[PDB]
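# A structural walkthrough
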Amino acid sequence: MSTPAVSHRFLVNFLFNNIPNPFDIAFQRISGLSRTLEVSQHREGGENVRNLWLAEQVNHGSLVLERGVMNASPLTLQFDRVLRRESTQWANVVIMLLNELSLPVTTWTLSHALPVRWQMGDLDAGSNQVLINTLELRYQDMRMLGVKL
Amino acid sequence: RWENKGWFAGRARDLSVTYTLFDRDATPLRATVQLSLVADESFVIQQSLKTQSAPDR
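The structure reproduced in this document is the subject of the present report. (Residues numbered from 1 in each chain as written, not as in the entry; some residues may be left out. Chains lettered and ligands numbered in written order. Part of a larger assembly, values for the part shown. Heavy atoms only, no water.)

Attention shifts here to the overall build of chain B. Looking only at helices and strands, one finds one helix and two strands in chain B. Ordered by position from the N terminus, the helices and strands of chain B form the series β-β-α. In terms of C-alpha radius of gyration, chain B reaches 20 Å, well past the compact-globule figure of 10 Å for 57 residues. For chain B, the spread of C-alpha atoms along the three principal axes comes to 70 × 20 × 10 Å. Burial statistics for chain B: of 57 residues in total, 5% are counted as buried. Considering only residue pairs separated by 6 or more positions, chain B has 49% of its internal contacts joining residues 24 or more positions apart. (Helix = DSSP H or I, 4+ residues; strand = E, 2+ residues; numbered from the N terminus. Rg over C-alpha atoms; globule rule 2.2 N^0.38 Å. Buried < 20%, exposed > 50% of the residue type's maximum accessible area, 1.4 Å probe, protein only. Contact = heavy atoms within 4.5 Å.)

Listed below in structure tokens is the structure:
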């Protein structure tokens with residue numbers, strides 16, 4: 001059987017409408033994409049032994065990203081504009097894992113992602129650590145691709 | 001001992017049954033009744049309690 005996919009190589013591509021060039025930014029800690037369907041349980045009168053689950057509404061999670069405090073990229077300059085309320089532009093994000101050669105084995109492809117939260121790491125006098133800042137986006141739809149679905 | 005007697009007379013102002021469980025053919029087999037009554041005693045008992053307080057001697 002083919003070997004499963006490990007989780008320490010990944011590219012992320014962003015495409016805003018403010019910014020003319022699509023840019024690719026390296027992260028440390030992409031959190032993880034959930035997708036819940038939100039059923040509800042109904043209880044019938046004469047039926048006491050089975051359950052009844054009724055499908056309603058697909059809920060998508062959130063894209064939480066982590067990287068170090070490095071030079072100003074086109075994405076930390078873009079969260080600065082949205083969190084100062086100077087723009088409300090959102091982007092189409094493409095996230096993909098890479099195998100041993102270079103090849104994309106799975107792709108996640110988020111749509112209309114909106115920057116909603118910046119979170120700075122701690123400043124501590126005895127710490128021995130890189131200052132990590134936490135970024136967080138809310139998207140509208142999600143569409144996973146690739147050969148390793 | 002009800003209000004001052006060993007019984008509570010009266011008529012039913014209100015009643016509400018709310019069946020909550022059933023069966024496959026729906027024999028109900030759970031009820032939760034919510035009674036509510038009024039006082040309405042008889043006239044012989046009310047006249048007897050009156051003569052026990054100041055019977056005009």
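It is possible for side chains bearing opposite charge to pair when their charged atoms get close. All names here are of chain A. A complete count under the given rule lists six salt bridges over all chains for this structure. When the shortest N-O distance is used, the salt bridge between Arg50 and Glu47 registers 2.5 Å. Given a relative accessible area of 19%, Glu47 falls into the buried group. Between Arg84 and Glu86 there is a salt bridge, with its nearest N and O atoms 3.3 Å apart. Where salt bridges share partners, they join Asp80, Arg84 and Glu86 into one cluster. (Salt bridge = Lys/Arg side-chain N within 4 Å of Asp/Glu carboxyl O.)

Our next topic: the side chain of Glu41 of chain B. Residue and element names in this part refer to chain B. Structurally, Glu41 is set in the loop between β2 (36-37) and α1 (43-51). Here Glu41 sits buried without a salt bridge, and the closest side chain of opposite charge, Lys5, lies 4.1 Å off (N-O distance). In terms of polar contacts, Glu41 uses its side chain to reach the side chain of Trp7, at 3.4 Å. (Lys, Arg positive; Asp, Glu negative; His and termini not counted. Polar contact = N/O pair within 3.5 Å; in protein donor to acceptor, adjacent residues only side chain to side chain.)

A full pass over the atoms with the stated rule returns six aromatic pairs over all chains. Aromatic side chains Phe16 of chain A and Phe23 of chain A sit 6.0 Å apart centroid to centroid with 10° between the ring planes, which places their arrangement in the stacked category. What makes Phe16 of chain A buried here is its relative accessible area of 5%. In this structure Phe23 of chain A comes out as buried when scored by relative accessible area, which is 9%. Geometrically, the ring pair formed by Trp2 of chain B and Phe8 of chain B is tilted, given 6.1 Å between the ring centres and 45° between the ring planes. Since its relative accessible area comes to 35%, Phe8 of chain B is described here as partly exposed. One aromatic cluster is present, built from ring pairs that chain together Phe14, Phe16, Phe23 and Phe27 of chain A. (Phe/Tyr/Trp six-rings, centres within 6.5 Å; stacked < 30°, edge-to-face > 60°.)

Attention now moves to the interface of chain B and chain A. Counting from both sides, the interface comprises four residues of chain B and, opposite them, four residues of chain A. A buried area of about 320 Å², summed over both sides, lies between chain B and chain A, and 41% of it is on carbon and sulfur atoms. Taken as a group, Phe22, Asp23 and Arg24 of chain B account for 87% of the area that chain B buries against chain A, more than any other trio of residues on that side. There are zero salt bridges connecting chain B and chain A. The tally of links from chain B across to chain A stands at zero residue pairs in polar contact. (Buried area = accessible area lost by both parts, 1.4 Å probe.)

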